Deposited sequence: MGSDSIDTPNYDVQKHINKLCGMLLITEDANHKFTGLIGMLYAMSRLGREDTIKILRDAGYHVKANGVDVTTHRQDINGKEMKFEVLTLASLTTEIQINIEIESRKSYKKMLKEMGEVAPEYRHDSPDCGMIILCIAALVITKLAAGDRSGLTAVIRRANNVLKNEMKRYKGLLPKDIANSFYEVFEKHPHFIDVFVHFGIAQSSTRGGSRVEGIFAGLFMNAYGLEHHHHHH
């Protein structure tokens, strides 16, 4: 049973990436999986199922939809937008949102209203996560972990400055873990990276990803 998110939940998964990126001392246990979900939502359900079946994997495709979950947090009833994921519980998703809202309020207290580039909903959050995945893929092509961190601190210096939760060591470990545990994600990531690196222009981060991905050959 593999979750195959479609184009419709790409905005949601990007926001989930962003919520972890704004979290001070964020727990990156699920970042490898969330990053992979973002890549699949970019490829689309159709292409994702095609890649897995072509790679010889047998797949039970799980539809990914946005649902509203009502949960009581500190006496107050709260509405949370969650994704129907077999790989990621409602509880985990909500706790990611709770912890990021705590970090966000601390940011308001520090600098007032937050600039677009410092928010959890900045359009490049998913790609920022996938830049670490691109570095891990190079070193798999866990000894190369120190080199991933050192290459990450230089290439993602502006992004690390923007996001308190951009912790290269934790994110790289999460990707190493997911690629070891679920090797079918390597095939998904590689097809994602080939397709992405063909797109012209776009954002600074889309450009950094393309350069990092191209480096896995030369």
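Annotation: deposited residues 1-4, 146-148, 226-233 are not represented by C-alpha coordinates in the model.
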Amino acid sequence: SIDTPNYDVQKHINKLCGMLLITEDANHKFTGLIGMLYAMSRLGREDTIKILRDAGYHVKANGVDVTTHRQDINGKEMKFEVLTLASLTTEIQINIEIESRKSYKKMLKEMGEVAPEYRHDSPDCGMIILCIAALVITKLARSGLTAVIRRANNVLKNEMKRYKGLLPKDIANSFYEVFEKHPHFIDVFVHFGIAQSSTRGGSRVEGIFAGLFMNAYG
From here on, numbers count along this sequence of modelled residues.
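In this text, the rigid core denotes the largest set of C-alpha atoms whose superposition between the two forms falls within 1.5 Å.
Larger root-mean-square CA separation from the shown form, computed after a rigid core fit of the structures in 5 other deposited structures of this protein, is seen for 66-74 when 187-195 is set against 66-74.
With each structure aligned by its rigid core, the stretch whose Cα atoms sit farther from this model in 5 other deposited structures of this protein, between 108-116 and 126-134, is 108-116.
Between 111-119 and 96-104, the higher mean Cα B-factor belongs to 111-119.
The PDB entry reports B-factors from which the mean C-alpha value can be compared for 48-56 and 184-192; the larger average falls on 48-56. Sorting 155, 40, 171, 26 by the CA temperature factor given in the entry leaves 26 at the top. Compared with the other modelled residues of the chain, the Cα B-factor recorded for residue 82 ranks in the middle third. The entry lists a Cα temperature factor for residue 178 that places it in the middle third of the chain's modelled residues. Remark: residue 5 belongs to the middle third of its chain, ranked by C-alpha B-factor as recorded. When the modelled residues of the chain are ordered by their C-alpha B factor, residue 197 lands in the middle third. Among the modelled residues of its chain, residue 66 has a C-alpha B-factor that falls in the highest third, as given in the PDB entry.
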